Amino acid sequence: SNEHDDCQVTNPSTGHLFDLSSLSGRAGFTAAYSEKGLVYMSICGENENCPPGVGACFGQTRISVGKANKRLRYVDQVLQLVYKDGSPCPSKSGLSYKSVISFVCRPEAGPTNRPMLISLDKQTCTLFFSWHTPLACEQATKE
């Protein structure tokens, strides 16, 4: 179970598939890392601002914040990707940055419809992203 052709996950409760493959690709998307940075991260695949294998990095610093992973999973009405094995943890040892792309079912879209960085986790090198998009929605359309 979990996914189909990958990069796409199903409501296990509805049997409805979500595909973020139109979001996928080495083009990737961007998130605003504070006012100084931008994140460049591709969905499921590697990002072109990143070296082959890295699916998420910064635009200014080019510190990889995660590697390409196509495991889109339905979790708490969210669909979340996690791009691990980013750049070595400056704040710890033997760890790396990772992403948490929590796609959020929101019938309301973004102005641009960006993956919105919630916040950083420097304690365990996590970048918590949440993309409130009608793409991952179907459920919240109700409530």
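Residues numbered from 1 in each chain as written, not as in the entry; some residues may be left out. Heavy atoms only, no water.

Here we take up the packing of aromatic side chains. Applying the stated criterion across every chain yields a total of four aromatic pairs. Between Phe-29 and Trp-131, the aromatic rings sit 5.0 Å apart at their centres with planes inclined by 65°, giving edge-to-face as the arrangement. Of the two residues, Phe-29 is situated in strand β3 (residues 29–33) and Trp-131 in strand β11 (residues 126–133); the sequence distance between them amounts to 102 residues. Chaining the aromatic ring pairs together yields one cluster made of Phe-29, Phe-103 and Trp-131. (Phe/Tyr/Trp six-rings, centres within 6.5 Å; stacked < 30°, edge-to-face > 60°. Helix = DSSP H or I, 4+ residues; strand = E, 2+ residues; numbered from the N terminus.)

One non-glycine residue with positive phi stands out, namely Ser-34, at about 55°. When its relative accessible area of 48% is taken as the criterion, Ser-34 is described as partly exposed. Look at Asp-85: it is not a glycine, yet its phi comes out positive at around 65°. Here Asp-85 lies in the loop between β8 (78–81) and β9 (98–105). Overall, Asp-85 belongs to the partly exposed group, its relative accessible area being 43%. (Buried < 20%, exposed > 50% of the residue type's maximum accessible area, 1.4 Å probe, protein only.)

Glancing now at the sheet that holds strand β5 (residues 54–58). Backbone hydrogen bonds hold the strands of a sheet together, and the pairing may be parallel or antiparallel. Read across the open sheet, the four strands follow the order β3-β4-β5-β6; overall the sheet is antiparallel. The open sheet has two free edges, formed respectively by β3 and β6 (66–67), since each of these has just one partner strand. Two elements, strand β4 (residues 37–41) and β5, share three bridges in a ladder whose sense is antiparallel. Across the sheet, residue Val-39 finds its bridge partner in β5, namely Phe-58. (Pairing = 2+ DSSP bridges.)

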